[PDB]
Amino acid sequence: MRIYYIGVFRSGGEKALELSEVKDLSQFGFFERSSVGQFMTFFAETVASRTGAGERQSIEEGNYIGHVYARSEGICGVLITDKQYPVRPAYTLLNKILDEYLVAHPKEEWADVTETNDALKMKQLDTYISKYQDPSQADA
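Conventions and cut-offs
- Residues numbered from 1 in each chain as written, not as in the entry; some residues may be left out.
- Heavy atoms only, no water.
- Buried < 20%, exposed > 50% of the residue type's maximum accessible area, 1.4 Å probe, protein only.
- Helix = DSSP H or I, 4+ residues; strand = E, 2+ residues; numbered from the N terminus.
- Pairing = 2+ DSSP bridges.
- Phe/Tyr/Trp six-rings, centres within 6.5 Å; stacked < 30°, edge-to-face > 60°.

This deposited entry lists solution NMR as its structure determination method.

In structure tokens form, the structure reads like this:
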């Protein structure tokens with residue numbers, strides 16, 4: 001019942017553009033935080049790569065769920081939390097996020113971007129995944 005990774009990705013064909021990438025490593029101390037992180041992103045990028053826009057994905061792992069929410073314009077977005085993390089709020093998160101990514105800069109201004117700052121892009125998507133840690137949070 002705790003999210004682990006969140007971010008965005010621009011469907012760049014066979015591979016997903018690392019639009020934005022936010023991590024959540026609570027149990028993954030200074031030993032798994034590194035390994036798991038690559039796990040989260042690598043998967044997050046893959047999902048968006050698997051998600052050819054216009055559809056959503058949920059990657060169920062031994063103890064992880066890599067939700068996926070595709071845009072309606074051109075740049076996709078991915079989410080990853082625990083199985084005990086309802087999709088409904090993940091949906092609203094996909095709402096403010098995709099709207100937040102497209103808002104930060106005109107619709108076409110990004111279109112595909114092909115170059116983003118996952119390390120300092122979409123402060124929202126970041127703060128969201130941090131507080132979203134709860135099963136829902138009720139947009140709190």
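Give me the pairing of strand β5 (residues 76-80): which residues, what numbers.
Of all 5 residues in β5, 5 are buried, a share of seventy percent or more. Because side chains alternate across β5, one face comprises the buried residues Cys76, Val78 and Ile80, and the other comprises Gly77 and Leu79, equally buried. Where strand β4 (residues 64-69) meets β5, 2 bridges bridge the pair, whose relative direction is antiparallel. Looking at β5, one finds that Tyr69 is bridged to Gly77.

Can you explain the packing of aromatic side chains? Please cite residues and give values.
What the rule picks out here adds up to 11 aromatic pairs. With 6.2 Å between their ring centres and 45 degrees between their planes, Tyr69 and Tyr91 make a pair best called tilted. Taken together, the positions of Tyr69 in strand β4 and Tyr91 in helix α2 (residues 87-103) put the pair 22 residues apart, joining distant regions of the chain. Residue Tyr69 is classed as buried on the basis of its relative accessible area, which comes to 4%. Residue classification places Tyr91 among the partly exposed residues on the basis of a relative accessible area of 41%.

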